[PDB]
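# Architecture and fold: a report
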Number of protein chains: 2
Amino acid sequence: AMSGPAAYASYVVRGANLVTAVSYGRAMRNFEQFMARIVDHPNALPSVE
Amino acid sequence: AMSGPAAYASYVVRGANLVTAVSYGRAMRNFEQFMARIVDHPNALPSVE
């Protein structure tokens, strides 16, 4: 007998993802994560943990 | 005799234009001015004034 999740994981294009979605190619999974890098906290090196 | 402008008009990719700029091969003209039409005040009919 094992364990695990009991639901799925949502994916919504709310926010400024929608603005990139309509007039372009697409939007971004992890957009808040993506905005956290290049404007919010740049020049960080790729660390696993 | 005439009056007129005295300088140019700025165009910077500051803000979320840069976020689209690194990933996708485009950037808007005043992303906020484009943001207000689609997510802030949608379906406003286009009028000249």
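Residues numbered from 1 in each chain as written, not as in the entry; some residues may be left out. Chains lettered and ligands numbered in written order. Part of a larger assembly, values for the part shown. Heavy atoms only, no water.

For this deposition, the record names cryo-EM as the technique by which the model was determined and cites 4.2 Å as its resolution.

With that out of the way, let us pick up unusual backbone geometry. All names here are of chain A. The backbone of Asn-30 shows a phi angle near 60 degrees, a positive value even though the residue is not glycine. Along the polypeptide, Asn-30 turns up in the loop between α1 (17-22) and α2 (31-40). In this model, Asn-43 sits at a positive phi of 35 degrees, which is unusual for a non-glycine residue. Note on placement: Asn-43 falls in the segment after α2. (Helix = DSSP H or I, 4+ residues; strand = E, 2+ residues; numbered from the N terminus.)

What the rule picks out here adds up to 2 cavities of 30 Å³ or more. Here the largest cavity defines a volume of roughly 50 Å³. Around the largest cavity, the lining residues are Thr-20, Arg-26, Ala-27, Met-28, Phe-31 and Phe-34 of chain A together with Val-19, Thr-20, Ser-23 and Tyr-24 of chain B. For the lining of the largest cavity, the secondary-structure elements that each account for two or more residues are α2 of chain A together with α1 (16-23) of chain B. The element contributing the most residues to the lining of the largest cavity is α1 of chain B, with 3 residues. For the lining of the largest cavity, the residue count by class is 6 nonpolar, 3 polar and 1 charged. In this structure, the second largest cavity encloses a volume near 30 Å³. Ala-16, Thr-20 and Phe-31 of chain A together with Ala-16, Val-19, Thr-20 and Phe-31 of chain B together form the lining of the second largest cavity. Counting residues per element, the lining of the second largest cavity draws most heavily on α1 of chain B, at 3 residues. (1 Å grid on protein atoms, 1.4 Å probe; cavity = no way out; pocket = protein on both sides within 12 Å on 5 of 7 lines; lining within 4 Å. Points joined across faces, edges and corners; volume = space filled by probe spheres on them. Nonpolar A, V, L, I, M, F, W, Y, C, P; charged D, E, K, R; others polar.)

With that settled, the discussion passes to the interface of chain A and chain B. The interface is formed by 13 residues belonging to chain A together with 13 residues belonging to chain B. A combined buried area of about 1,200 Å² lies between chain A and chain B, and 80% of that area is made up of carbon and sulfur atoms. Looking only at chain A, the three residues that lose the most surface to chain B are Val-19, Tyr-24 and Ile-38 of chain A, adding up to 44% of its buried area. Taken together, the connections running from chain A to chain B amount to 0 salt bridges. At the boundary of chain A and chain B, one finds 2 residue pairs in polar contact. No other element matches the 4 residues that α2 of chain A contributes to the side of chain A that touches chain B. Classifying every residue of the side of chain A that touches chain B by side-chain character gives 10 nonpolar, 2 polar and 1 charged. (Contact = heavy atoms within 4.5 Å. Buried area = accessible area lost by both parts, 1.4 Å probe. Salt bridge = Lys/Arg side-chain N within 4 Å of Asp/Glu carboxyl O. Polar contact = N/O pair within 3.5 Å; in protein donor to acceptor, adjacent residues only side chain to side chain.)

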